[PDB]
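File shown: upload_11.txt (compact mmCIF, C-alpha atoms and all ligand atoms).
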```txt
# COMPACT_ATOMS: atom_id res chain seq x y z
CA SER A 2 3.25 20.03 8.47
CA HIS A 3 3.17 20.33 4.67
CA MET A 4 -0.18 21.56 3.35
CA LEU A 5 -0.01 19.12 0.38
CA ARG A 6 0.37 16.09 2.68
CA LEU A 7 -2.45 15.09 5.04
CA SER A 8 -0.90 12.72 7.58
CA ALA A 9 -3.14 12.93 10.63
CA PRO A 10 -5.67 10.34 11.81
CA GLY A 11 -9.30 11.26 11.43
CA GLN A 12 -11.30 12.92 8.70
CA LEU A 13 -9.48 13.67 5.43
CA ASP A 14 -12.39 14.52 3.12
CA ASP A 15 -16.19 14.60 3.27
CA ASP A 16 -16.29 10.86 2.61
CA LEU A 17 -12.90 9.70 3.91
CA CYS A 18 -11.06 9.07 7.18
CA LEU A 19 -7.64 7.74 8.11
CA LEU A 20 -7.82 5.01 10.78
CA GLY A 21 -4.89 3.88 12.88
CA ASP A 22 -1.27 4.80 12.25
CA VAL A 23 -0.49 7.11 9.34
CA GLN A 24 2.53 5.01 8.53
CA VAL A 25 0.37 1.86 8.01
CA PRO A 26 -3.08 3.40 7.61
CA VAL A 27 -6.52 1.97 6.95
CA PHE A 28 -8.80 4.28 5.01
CA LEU A 29 -12.53 4.51 5.76
CA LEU A 30 -14.98 5.42 2.99
CA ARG A 31 -18.57 6.45 3.76
CA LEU A 32 -20.66 4.95 0.94
CA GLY A 33 -24.05 6.08 2.26
CA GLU A 34 -26.06 6.61 5.43
CA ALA A 35 -25.63 2.93 6.36
CA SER A 36 -22.72 1.73 4.19
CA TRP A 37 -18.92 1.96 4.51
CA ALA A 38 -15.75 0.52 3.00
CA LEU A 39 -12.15 0.08 4.14
CA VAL A 40 -9.11 0.47 1.87
CA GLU A 41 -5.72 -1.16 2.71
CA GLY A 42 -5.35 -3.91 5.31
CA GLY A 43 -2.41 -2.87 7.55
CA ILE A 44 -0.39 -4.88 10.09
CA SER A 45 -1.89 -7.40 12.50
CA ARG A 46 -0.76 -5.72 15.74
CA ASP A 47 -2.91 -2.66 14.89
CA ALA A 48 -6.16 -4.66 15.07
CA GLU A 49 -7.41 -3.04 18.28
CA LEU A 50 -6.16 0.45 17.36
CA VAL A 51 -7.88 0.36 13.97
CA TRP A 52 -10.98 -1.26 15.50
CA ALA A 53 -11.16 1.45 18.15
CA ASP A 54 -10.89 4.18 15.49
CA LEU A 55 -13.43 2.45 13.24
CA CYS A 56 -16.01 2.27 16.03
CA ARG A 57 -15.64 5.99 16.67
CA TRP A 58 -16.92 6.70 13.16
CA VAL A 59 -19.16 3.70 12.48
CA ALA A 60 -21.84 3.09 15.12
CA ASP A 61 -22.81 -0.34 13.71
CA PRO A 62 -19.85 -2.21 12.16
CA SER A 63 -22.15 -4.56 10.24
CA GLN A 64 -22.54 -1.61 7.84
CA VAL A 65 -18.90 -2.07 6.69
CA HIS A 66 -19.61 -3.77 3.35
CA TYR A 67 -16.30 -3.85 1.43
CA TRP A 68 -12.58 -4.00 2.19
CA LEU A 69 -10.25 -3.22 -0.73
CA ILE A 70 -6.70 -4.63 -0.84
CA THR A 71 -3.83 -3.48 -3.06
CA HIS A 72 -1.46 -6.44 -2.60
CA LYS A 73 -0.47 -9.41 -0.47
CA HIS A 74 2.50 -7.99 1.45
CA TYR A 75 2.28 -8.55 5.20
CA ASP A 76 1.85 -4.83 5.92
CA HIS A 77 -1.16 -4.50 3.58
CA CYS A 78 -3.34 -7.41 4.71
CA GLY A 79 -2.26 -8.33 8.27
CA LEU A 80 -5.52 -7.08 9.80
CA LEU A 81 -7.85 -9.24 7.68
CA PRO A 82 -8.01 -12.35 9.95
CA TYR A 83 -8.35 -10.27 13.12
CA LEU A 84 -11.07 -7.79 12.08
CA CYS A 85 -13.18 -9.59 9.45
CA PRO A 86 -14.77 -11.67 12.27
CA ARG A 87 -15.95 -8.35 13.72
CA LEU A 88 -17.33 -7.24 10.32
CA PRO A 89 -20.10 -9.77 9.53
CA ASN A 90 -21.14 -8.16 6.21
CA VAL A 91 -17.71 -7.28 4.79
CA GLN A 92 -16.49 -8.57 1.43
CA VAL A 93 -12.73 -8.40 0.88
CA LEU A 94 -11.96 -7.29 -2.71
CA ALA A 95 -8.50 -8.37 -3.88
CA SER A 96 -6.89 -9.36 -7.14
CA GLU A 97 -6.70 -12.99 -8.26
CA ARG A 98 -3.04 -13.51 -7.29
CA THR A 99 -3.54 -11.70 -3.96
CA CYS A 100 -6.37 -14.12 -3.16
CA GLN A 101 -4.12 -17.00 -4.22
CA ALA A 102 -1.55 -15.89 -1.64
CA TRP A 103 -4.12 -16.33 1.11
CA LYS A 104 -4.76 -19.90 -0.08
CA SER A 105 -1.02 -20.71 0.10
CA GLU A 106 0.05 -22.20 3.43
CA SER A 107 3.65 -21.07 2.90
CA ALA A 108 2.74 -17.50 1.85
CA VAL A 109 0.40 -17.08 4.81
CA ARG A 110 3.18 -18.43 7.03
CA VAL A 111 5.55 -15.61 6.03
CA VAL A 112 2.75 -13.05 6.51
CA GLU A 113 2.05 -14.24 10.05
CA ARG A 114 5.75 -14.39 10.98
CA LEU A 115 6.49 -10.86 9.78
CA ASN A 116 3.42 -9.54 11.59
CA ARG A 117 4.24 -11.26 14.88
CA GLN A 118 7.64 -9.54 14.90
CA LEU A 119 5.68 -6.28 15.21
CA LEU A 120 3.82 -7.32 18.38
CA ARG A 121 4.76 -5.23 21.42
CA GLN A 124 0.16 -7.84 23.55
CA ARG A 125 -1.69 -10.73 21.93
CA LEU A 126 -3.95 -10.66 18.91
CA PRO A 127 -7.73 -10.99 18.70
CA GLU A 128 -9.15 -14.35 17.73
CA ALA A 129 -8.57 -14.74 13.99
CA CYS A 130 -10.47 -16.62 11.35
CA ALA A 131 -8.45 -18.73 8.93
CA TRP A 132 -6.79 -17.01 5.99
CA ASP A 133 -8.46 -19.42 3.56
CA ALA A 134 -11.82 -18.67 5.23
CA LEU A 135 -11.72 -14.92 4.57
CA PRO A 136 -14.86 -13.49 2.89
CA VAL A 137 -13.00 -12.65 -0.33
CA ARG A 138 -14.13 -11.94 -3.88
CA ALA A 139 -11.41 -11.82 -6.53
CA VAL A 140 -11.55 -8.78 -8.82
CA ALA A 141 -10.03 -8.34 -12.27
CA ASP A 142 -7.94 -5.72 -14.05
CA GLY A 143 -10.33 -3.08 -15.34
CA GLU A 144 -13.25 -4.25 -13.18
CA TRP A 145 -15.60 -1.51 -11.95
CA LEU A 146 -16.35 -1.58 -8.21
CA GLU A 147 -19.82 -0.07 -7.70
CA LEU A 148 -19.32 0.48 -3.98
CA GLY A 149 -22.19 2.95 -3.60
CA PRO A 150 -24.26 5.67 -5.28
CA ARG A 151 -21.34 8.14 -5.16
CA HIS A 152 -18.41 5.67 -5.17
CA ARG A 153 -17.33 3.90 -8.37
CA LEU A 154 -13.71 2.71 -8.32
CA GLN A 155 -11.89 0.94 -11.14
CA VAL A 156 -9.42 -1.86 -10.43
CA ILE A 157 -6.15 -1.20 -12.31
CA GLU A 158 -3.39 -3.81 -12.46
CA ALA A 159 -0.14 -2.24 -11.25
CA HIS A 160 2.51 -4.97 -11.07
CA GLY A 161 6.20 -4.42 -10.40
CA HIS A 162 6.31 -3.59 -6.73
CA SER A 163 4.89 -7.11 -6.33
CA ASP A 164 3.49 -9.58 -8.85
CA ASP A 165 -0.12 -9.22 -7.57
CA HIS A 166 -0.32 -5.47 -6.97
CA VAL A 167 -3.34 -3.39 -8.03
CA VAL A 168 -4.57 0.16 -7.51
CA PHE A 169 -8.08 1.56 -7.16
CA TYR A 170 -9.15 4.74 -8.97
CA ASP A 171 -12.16 6.87 -8.01
CA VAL A 172 -12.79 8.86 -11.15
CA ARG A 173 -15.52 11.07 -9.65
CA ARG A 174 -12.88 12.32 -7.20
CA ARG A 175 -9.67 11.94 -9.26
CA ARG A 176 -8.54 9.83 -6.29
CA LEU A 177 -6.00 7.02 -6.68
CA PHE A 178 -5.34 4.50 -3.91
CA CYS A 179 -1.93 3.50 -5.29
CA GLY A 180 -0.60 1.10 -2.63
CA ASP A 181 3.20 0.80 -2.97
CA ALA A 182 3.33 1.01 -6.79
CA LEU A 183 4.85 4.51 -6.67
CA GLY A 184 7.21 3.60 -3.85
CA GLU A 185 7.69 5.16 -0.43
CA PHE A 186 7.03 8.88 -0.14
CA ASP A 187 9.98 10.69 1.46
CA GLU A 188 8.50 12.90 4.17
CA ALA A 189 11.64 14.98 4.71
CA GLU A 190 12.41 15.55 1.01
CA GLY A 191 9.09 15.43 -0.84
CA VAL A 192 10.19 12.79 -3.39
CA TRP A 193 9.35 9.17 -4.05
CA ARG A 194 11.73 6.40 -2.93
CA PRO A 195 11.40 3.39 -5.30
CA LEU A 196 10.09 0.06 -4.02
CA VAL A 197 10.95 -2.24 -6.94
CA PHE A 198 10.68 -5.60 -5.20
CA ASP A 199 9.43 -7.84 -8.01
CA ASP A 200 10.01 -6.60 -11.59
CA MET A 201 11.51 -3.27 -12.70
CA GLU A 202 10.02 -3.41 -16.21
CA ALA A 203 6.52 -4.08 -14.86
CA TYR A 204 6.97 -1.37 -12.18
CA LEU A 205 7.89 1.26 -14.77
CA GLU A 206 5.13 0.19 -17.17
CA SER A 207 2.54 0.49 -14.41
CA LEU A 208 3.72 4.05 -13.74
CA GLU A 209 3.48 4.84 -17.48
CA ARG A 210 -0.16 3.70 -17.51
CA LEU A 211 -1.01 5.48 -14.25
CA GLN A 212 0.40 8.72 -15.71
CA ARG A 213 -2.27 8.45 -18.39
CA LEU A 214 -5.16 8.58 -15.90
CA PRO A 215 -7.02 11.91 -15.83
CA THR A 216 -5.09 14.39 -13.69
CA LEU A 217 -5.12 13.32 -10.05
CA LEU A 218 -6.43 15.49 -7.23
CA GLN A 219 -5.75 13.02 -4.39
CA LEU A 220 -3.03 10.37 -4.30
CA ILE A 221 -3.15 7.85 -1.48
CA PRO A 222 -0.22 5.40 -1.25
CA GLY A 223 0.13 2.46 1.14
CA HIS A 224 1.97 4.54 3.74
CA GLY A 225 2.15 8.16 4.84
CA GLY A 226 -1.35 9.60 4.32
CA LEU A 227 -2.98 11.57 1.50
CA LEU A 228 -1.11 13.64 -1.12
CA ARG A 229 -2.84 16.46 -3.01
CA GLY A 230 -2.05 19.43 -5.23
CA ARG A 231 0.93 18.91 -7.52
CA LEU A 232 2.10 15.90 -5.51
CA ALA A 233 -1.00 14.07 -6.68
CA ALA A 234 -1.00 15.52 -10.21
CA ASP A 235 2.66 14.65 -10.81
CA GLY A 236 2.89 11.58 -8.56
CA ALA A 237 3.15 8.75 -11.11
CA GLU A 238 5.57 10.71 -13.29
CA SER A 239 7.83 11.67 -10.38
CA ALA A 240 7.87 8.07 -9.14
CA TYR A 241 8.96 6.96 -12.63
CA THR A 242 11.70 9.60 -12.66
CA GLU A 243 12.99 8.66 -9.20
CA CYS A 244 13.19 4.99 -10.24
CA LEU A 245 15.35 5.86 -13.26
CA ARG A 246 17.41 8.06 -10.96
CA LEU A 247 18.07 5.02 -8.76
CA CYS A 248 19.07 2.88 -11.75
CA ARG A 249 21.54 5.52 -12.96
CA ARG A 250 22.97 5.79 -9.46
CA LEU A 251 23.33 2.01 -9.27
CA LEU A 252 25.07 1.87 -12.66
CA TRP A 253 27.43 4.70 -11.65
CA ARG A 254 28.57 2.86 -8.54
CA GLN A 255 28.85 -0.56 -10.15
CA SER A 256 30.95 1.13 -12.86
CA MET A 257 33.35 2.07 -10.06
CA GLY A 258 33.57 -1.59 -8.99
CA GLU A 259 31.18 -1.31 -6.02
CA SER A 260 29.23 -4.33 -4.82
CA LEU A 261 25.46 -4.29 -4.44
CA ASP A 262 26.01 -4.48 -0.67
CA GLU A 263 27.43 -0.95 -0.59
CA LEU A 264 24.53 1.02 -2.05
CA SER A 265 22.29 -1.39 -0.12
CA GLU A 266 23.82 -0.24 3.17
CA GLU A 267 23.75 3.40 2.12
CA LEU A 268 20.11 3.09 1.01
CA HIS A 269 19.20 1.34 4.26
CA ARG A 270 20.99 4.03 6.29
CA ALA A 271 19.37 6.86 4.34
CA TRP A 272 15.88 5.37 3.93
CA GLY A 273 15.38 2.77 6.69
CA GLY A 274 14.31 5.29 9.32
CA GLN A 275 10.81 5.93 7.99
CA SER A 276 9.54 2.33 8.28
CA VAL A 277 11.23 1.18 11.51
CA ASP A 278 7.90 0.90 13.38
CA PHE A 279 6.33 -1.58 10.95
CA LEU A 280 9.40 -3.11 9.29
CA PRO A 281 12.29 -4.86 11.09
CA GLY A 282 15.58 -3.24 10.16
CA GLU A 283 17.10 -6.39 8.67
CA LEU A 284 14.05 -6.71 6.40
CA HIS A 285 14.49 -3.13 5.15
CA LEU A 286 18.16 -3.75 4.35
CA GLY A 287 17.26 -7.08 2.74
CA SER A 288 14.57 -5.42 0.62
CA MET A 289 17.01 -2.72 -0.49
CA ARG A 290 19.43 -5.47 -1.50
CA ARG A 291 16.68 -7.29 -3.41
CA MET A 292 15.66 -4.11 -5.26
CA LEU A 293 19.22 -3.34 -6.34
CA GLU A 294 19.54 -6.97 -7.46
CA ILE A 295 16.38 -6.55 -9.55
CA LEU A 296 17.53 -3.24 -11.05
CA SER A 297 21.01 -4.64 -11.68
CA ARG A 298 19.70 -7.49 -13.85
CA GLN A 299 17.04 -5.48 -15.70
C1 LIG A 301 4.58 -12.07 -0.22
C2 LIG A 301 4.79 -13.24 0.76
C3 LIG A 301 5.51 -14.38 0.08
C4 LIG A 301 3.38 -13.71 1.14
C5 LIG A 301 5.54 -12.72 2.02
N1 LIG A 301 5.07 -11.47 2.47
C6 LIG A 301 5.69 -10.19 2.63
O1 LIG A 301 4.92 -9.32 3.03
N2 LIG A 301 7.12 -9.90 2.41
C7 LIG A 301 7.64 -8.55 2.57
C8 LIG A 301 6.79 -7.49 2.20
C9 LIG A 301 7.09 -6.17 2.26
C10 LIG A 301 8.31 -5.71 2.71
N3 LIG A 301 8.57 -4.28 2.73
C11 LIG A 301 9.76 -3.51 2.59
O2 LIG A 301 10.86 -3.97 2.55
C12 LIG A 301 9.59 -1.99 2.58
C13 LIG A 301 10.68 -1.13 2.64
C14 LIG A 301 10.52 0.29 2.65
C15 LIG A 301 9.27 0.86 2.59
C16 LIG A 301 8.16 0.01 2.51
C17 LIG A 301 6.75 0.22 2.44
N4 LIG A 301 6.08 -0.91 2.38
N5 LIG A 301 7.01 -1.90 2.42
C18 LIG A 301 8.32 -1.41 2.51
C19 LIG A 301 9.24 -6.72 3.09
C20 LIG A 301 8.91 -8.12 3.03
FE FE A 302 4.48 -3.67 -0.42
FE FE A 303 4.08 -1.57 2.15
```

What do you get writing this file as structure tokens?
Ligand SMILES: CC(C)(C)CNC(=O)Nc1ccc(NC(=O)c2cccc3cn[nH]c23)cc1
Ligand SMILES: [Fe+3]
Ligand SMILES: [Fe+3]
Amino acid sequence: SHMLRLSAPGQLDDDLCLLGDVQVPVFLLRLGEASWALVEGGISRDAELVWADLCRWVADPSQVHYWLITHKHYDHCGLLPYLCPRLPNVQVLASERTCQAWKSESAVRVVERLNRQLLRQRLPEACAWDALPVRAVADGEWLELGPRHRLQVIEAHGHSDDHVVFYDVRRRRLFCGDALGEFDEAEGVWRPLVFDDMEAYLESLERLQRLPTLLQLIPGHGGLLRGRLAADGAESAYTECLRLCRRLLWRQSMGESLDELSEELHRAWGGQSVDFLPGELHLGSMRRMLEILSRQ
């Protein structure tokens, strides 16, 4: 209900729709009269929901030509095996390390296990992960998606070691995945998601702050941010991460164990993701983040 946060399914801009669940959304870009792209790859159990929404906008799904992926986490690529078979002309665009994850039997195994925990139903017939129609893309690569859509790949490691963002400079629009963290709907601030490397996470935010002023900021969860939330997004995310480090140091300096802020963080932050993230995994991830901050 905040005017700066668009969090409803359907049309978001002249060229853009939100498909599926706002908390794990798939974004639809209209590239031309007969060309479309998807951005973010969701959770597996949403295959039929997202497919249903897609077909309400796109009369012929063979016109879906690209599918852009920020990182390899199970909640950002779980749909790929289940929907790519229904998209004969789609090319999945992911970073090198993200593509490597789909060639790893053990990595794919974790992804499938996490996604099956979210099943209420049984999944569509899936192609193999290693058989996905992928094309690796590089840091700085320009994605000429259509006559009015040129997006630059920008490496944004720290949340995960493969993470990238996509920047539409015509629209000052950044698809930032989880590199800024989890947007707090009740409080209007970023919650950090430092799950791989704090130093890389903070350096990505420094670089993203140097982009031309954002008009639209589109993370991996929660919808589209605009106004000052977009303009100040990368900076605020940086600030909130330092705020979490200071908090961690304060408590450790009082002899607290990492388990204590972990439980408080899980209590205070675990509610937002309970529909796509098992509660033990949220607590575990909070523990892992504090471990990462504590070292670095
Ligand atoms: C990468 C592989 C080896 C291939 C295994 N694959 C995975 O996907 N592991 C995995 C990924 C993400 C999460 N997430 C979170 O804990 C979390 C917590 C709060 C908000 C948000 C918003 N997004 N995520 C979160 C947990 C485990
Ligand atoms: Fe993630
Ligand atoms: Fe995520």

Nearby polymer residues, ligand FE 303 (chain A), at most 7 Å, all atoms listed in the file, as a ChimeraX atom specification: /A:74,76-77,181,223-224

Selection as an MDAnalysis selection string: residues within 10 Å of ligand FE 302 (chain A) by only C-alpha atoms and all ligand atoms: chainID A and resid 71:77 162:163 166 180:182 184:185 196:199 223:224

Which residue of A:263, A:283, A:128, A:142 approaches residue 45 in chain A most closely, using all atoms listed in the file: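 Of the candidates, the smallest distance to residue 45 in chain A is held by A:128.
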
Nearest to ligand LIG 301 (chain A), chosen from A:205, A:53, A:4, A:100, with all atoms listed in the file counted in the distances: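 When distances to ligand LIG 301 (chain A) are compared using all atoms listed in the file, the smallest one comes from A:100.
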
Take every atom of ligand LIG 301 (chain A) listed in the file, fit an axis-aligned box around them, add 4 Å per side, and give the centre and edge lengths in Å to one decimal as AutoDock Vina command-line options.
```
--center_x 7.1 --center_y -6.8 --center_z 1.4 --size_x 15.5 --size_y 23.2 --size_z 11.3
```
